[PDB]
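What follows is a pair of forms of the same protein chain, given separately as structure tokens and numbered structure 1 and structure 2.
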Structure 1
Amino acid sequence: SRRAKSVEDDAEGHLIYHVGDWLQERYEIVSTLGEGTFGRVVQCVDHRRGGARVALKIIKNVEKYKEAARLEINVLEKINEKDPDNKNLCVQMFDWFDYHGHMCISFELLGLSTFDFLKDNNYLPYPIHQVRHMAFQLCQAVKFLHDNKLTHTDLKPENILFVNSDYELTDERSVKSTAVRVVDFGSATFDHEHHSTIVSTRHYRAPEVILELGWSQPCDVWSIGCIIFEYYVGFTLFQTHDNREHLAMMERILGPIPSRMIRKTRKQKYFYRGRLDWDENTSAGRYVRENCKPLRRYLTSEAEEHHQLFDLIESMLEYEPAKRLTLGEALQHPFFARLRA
């Protein structure tokens, strides 16, 4: 057990349980699989379902998380409605229910997340062939969403789970099968619905989000680019928590922000004389410059297949959303020629 640290702790709002407890006279809690701001996920044995091992996501007993979970539920319903055979690469929901205020969602039991595998492997990056397969699947998965007028908005390695994270050793861990699925549709959004102003986890937030110019499907593609990169080098592309620094970092890695965007943003405070307001010759300046570099310098190799990866990444991190690569285009990219046939 852990120490609460404030009047409003993540520790609050959870459902108490102990291994061996049953829910709805049906799910036997076997073990806890993880915790997130939303709640906990627990491994259960489903007894109205053969003994099948499932992943139960138990949501906090709080209005905001419960709202998000009701929204997540019908996003999952509309997913099963458009892909009965689970060929779409989004996680399969079995059932859901309110449990004394805690929304509960049952999913097929998967493996470790692509983040947690990495972390548990000392942030040693995935080999390129594995990055290719993973990236490919991630694009299919999210294109499916995009086709049905959805935007996930919170794509990140923790929300991409290996179907099975069994691995081999060498002193280094290597996953046996890079089959993956996309999870967490709590923030997912249809085109007709209200859009939150701020929408992604910092490291995967797209510039149009930062500058509140509006967002839609393209901001996912930005997230995807940032993930592919992370998979390839093993650390986040934008390690920052401040808007101005984040923008400073983009500029350095990607080149300058288009004035159209600078001019149109209500977030005018980060700009002076028409450019980003950021002195490179301060300590903050020194920090960004010392801690990141132009995108193409992160290449491990000179081989073509590596350069092809970075062309893909480079297109996904296009500043201007309308010019940014779509995921349809993404699946046609040279980098993926092997995996298509």
Structure 2
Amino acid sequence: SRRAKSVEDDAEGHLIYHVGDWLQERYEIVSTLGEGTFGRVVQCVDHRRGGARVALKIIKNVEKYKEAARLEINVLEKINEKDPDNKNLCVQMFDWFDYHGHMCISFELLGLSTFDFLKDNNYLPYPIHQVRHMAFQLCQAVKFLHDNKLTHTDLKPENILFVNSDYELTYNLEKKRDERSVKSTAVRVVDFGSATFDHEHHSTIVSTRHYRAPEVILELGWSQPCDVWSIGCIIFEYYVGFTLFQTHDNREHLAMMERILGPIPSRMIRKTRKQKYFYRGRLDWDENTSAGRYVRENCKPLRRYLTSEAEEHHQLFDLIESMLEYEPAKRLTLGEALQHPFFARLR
């Protein structure tokens, strides 16, 4: 899979390595599990612990991503300190080191992302019982971070991995097709390179677009509650199998929000420094442009996404709504979220 795509695709910063290579006379590379902006994640055998398998994030040699990693490490240090028993539901770091100039970090081996599984299943949504379990663990995992003055900032299905993504095959007679279904819905949360402590500096722009919260877009300053926005977007995505906010433009994104959730409140509209997006207390957006038609055509009021009318489904959307409250101050906290009716069945 490590084919050069272009003349611009030199091994720029990329570590030169081949399967079989040994790192620090300990870690033998077996496969490449993924790629990213930061570099690569490979599967390794830990020969110093009886051949257990691990995942090894290997960072490019570029100063931008080196610093991100430094921050990722020290967060994970802080995390293993506050919970040496590793029941938190965030991923577990084991080790970290330099090799040939590139930083490496050693995590427990997990399965595919909730995204990947979903994509590999033709976006066939998760059944509600699994949505509940995944949502629960997601909220637990992040509550933990919030309790310790942390915000993740970049939650999304790519950063929520299954412990074990082994799956049962069930053909559908009722609808004619193949349909997977994961055995164990246990998950863990990964990627702490962007995660931020309350006292540290806050980057102006923070989540992955589709999961980004209005306070961020409007540059009103953010903190713990923007994680919750993202979580709501994720939980929605799990229920219907596609992204709530499929756009790449702030104005359009704000439009979609309005269409889906109702109008943006005025406090936010006066108090933002991004006044280009508004006019006389409303979003400066024409619904009859082709953009305007696209928005109205391809998304709709939140509750029109409900399939069944069973009580448990209504509890889900109660939860989602509360999580997608426009004002961070009023938006549901994860404490409050874990107590919600929807989750009563667990605890």
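All residue numbers here refer to structure 1's sequence, counted from 1. If you superpose the two forms and keep the largest set of C-alpha atoms that fall within 1.5 Å, you have the rigid core.
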Q. Which one of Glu320, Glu329, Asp21, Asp10 is the only residue whose C-alpha moves by 2 Å or more between structures 1 and 2, after superposing on the core?
A. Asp10
Q. Superposing on the core, what C-alpha displacement does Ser283 show between structures 1 and 2, in angstrom?
A. 1.7
Q. Core overlaid, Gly101 C-alpha shift between structures 1 and 2, how many Å?
A. 2.7
